[PDB]
Every structure is written in C-alpha cells, then in structure tokens.
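**Student:** Take a look at this one; I'll ask things after.
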C-alpha cells in the first residue's frame, strides 16, 4: 500500500490530476473535512488525514472517530495517544517521527517498539534511510524537503515511500 510516491495535499481548491494511489491530506477543517474526503475518495484514492492539522478538531477517541465518519481510511498524527487510540479502534494510523538528532531518534525508536508502531513517517526525508536501517521490519515513509528527483530515487532505495506535494515527483 505504502510504496513509491504518496500525494501530499495542503489545499483542496486547486488540485489537478493526482497520479498517486495514496493521498495524505495534510490540512483541512472540521466543517469541510467530509467534503474534502468525498472529492478524494471519488477519485479512487486511499486517504490518510493528518488529524493534528484539521482546524477545529481536538485530540483523542472522539476526534479520531469523527475523522473516520468523515470518510478517511486512516489517520496521521505526532501524538502517541492518538495513535494508540486509533489502533485500539481498528483504524489505520501513521505515527510521525521528527528525526532531528541522535537522542530524538533513540527516543522515537523506543516509543515505536513500546507502542508496536508498524508504519512511521520520518521527517525530514534525507534522514529517513538512516532511521529505517534501525527499525528493520517496519514501514518507513519519508517526508519533508525532498527537493529533487535524484534525492527521491535515492531515498526510495531504503524506505517504502515518500510523501510529497510535488507534482513533478508524482509523475516520476
């Protein structure tokens, strides 16, 4: 499911063609999320919603169930509690991982192992391969500051996928 380029969307006004099968909707709002999801689901996409950036939405079980009701296939979040609750309710979830320095990576890996995280999004993308080598068996999606085709090709040798809003990368 998570393989190659994943389409990241920051807004829903001007969209155009979305080649990737998987979409990460990275911003929305509570009033309009269902309409945004209908557009994307109608295009035949699998859609994960970054619940932390749905304006008006809070955290926790009721928020996660709202995003499911709105039509999401899964959630993305940086909050371990949202991740555990999603999992407990049988909702696909991706945990974000900010790979900033060695200690952040050590702590993140401890958290991944303790909570049983199968799918992790590592930012920025350049350090995703390094992190992926430390968590063999887990799916890593790279994201952030992947700025050329050459960077993307190289990252994809080591991680499953890259999330990006670059229409050029969507075509590669």
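Residue numbers (the authors' numbering): 1 to 172. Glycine is no exception: its CB is placed at the ideal position from the N, C-alpha and C atoms.
Residue 158 to residue 10, Cα distance in whole Å?
**Tutor:** Indexing the chain shown from 1 puts residue 158 at position 158. Indexing the chain shown from 1 puts residue 10 at position 10. Cα to Cα, the separation comes out at about 26 angstroms.
**Student:** Pop quiz: residue 5 and residue 45 are said to be a contact at Cβ under 8 angstroms. What is the actual Cβ separation, rounded to whole angstroms?
**Tutor:** Counting from 1 along the chain shown, the entry for residue 5 is found at position 5. Counting from 1 along the chain shown, the entry for residue 45 is found at position 45. Residue 5 to residue 45, Cβ: 13 angstroms. No contact.
**Student:** Could you please give me the residues that DSSP links to residue 4 through a beta bridge?
**Tutor:** In the chain shown, the residue the question calls residue 4 occupies position 4. Its beta-bridge partners are 161.
**Student:** Closest to residue 65 by CA distance: which of 113, 122, 87 and 16 is it?
**Tutor:** What you label residue 65 is simply residue 65 of the chain shown in a count that begins at 1. The option with the nearest alpha carbon to residue 65 is 87.
**Student:** Find out if the Cβ-Cβ distance for the pair residue 2, residue 161 is shorter than 7 angstroms.
**Tutor:** For the purposes of this step, residue 2 is taken as residue 2 along the chain shown, with counting starting at 1. For the purposes of this step, residue 161 is taken as residue 161 along the chain shown, with counting starting at 1. In contact: residue 2 and residue 161 (Cβ atoms closer than 7 angstroms).
**Student:** Answer with buried or exposed for residue 133, where buried requires no fewer than 16 other C-beta atoms within 10 angstroms of its C-beta.
**Tutor:** The count along the chain shown starts at 1 and reaches residue 133 at position 133. Result: exposed.
**Student:** Can the beta-carbon of residue 91 be found closer than 7 angstroms to that of residue 68?
**Tutor:** To locate residue 91, count along the chain shown from 1; it is residue 91. To locate residue 68, count along the chain shown from 1; it is residue 68. Taking 7 angstroms as the Cβ cut-off, residue 91 and residue 68 qualify as a contacting pair.
**Student:** Rounded to whole angstroms, what's the CA-CA distance from residue 154 to residue 142? Just pull it up for me.
**Tutor:** Translated into positions along the chain shown, residue 154 becomes position 154. Translated into positions along the chain shown, residue 142 becomes position 142. Near 11 angstroms, if we compare the C-alpha coordinates of residue 142 and residue 154.
**Student:** If you draw a straight line from the C-alpha of residue 98 to the C-alpha of residue 42, how long is it?
**Tutor:** Taking the chain shown and counting its residues from 1, the one referred to as residue 98 is at position 98. Taking the chain shown and counting its residues from 1, the one referred to as residue 42 is at position 42. Going from the Cα of residue 98 to the Cα of residue 42 covers about 32 angstroms.
**Student:** Could you compute how far the alpha carbon of residue 73 sits from the alpha carbon of residue 48?
**Tutor:** Residue 73 sits at position 73 when you count from the first residue of the chain shown. Residue 48 sits at position 48 when you count from the first residue of the chain shown. Whole-angstrom Cα-Cα distance: 6 angstroms.
**Student:** Identify the residues that DSSP records as bridge partners of residue 75: which are they?
**Tutor:** By one-based count along the chain shown, residue 75 stands at place 75. Looking at the DSSP assignment, residue 75 forms a beta bridge with 49 and 93.
**Student:** Which whole-angstrom value describes the C-beta separation of residue 57 and residue 96, a residue pair presumed to lie in contact below a C-beta threshold of 8 angstroms?
**Tutor:** For the purposes of this step, residue 57 is taken as residue 57 along the chain shown, with counting starting at 1. For the purposes of this step, residue 96 is taken as residue 96 along the chain shown, with counting starting at 1. About 16 angstroms separates the two Cβ atoms, so there is no contact after all.
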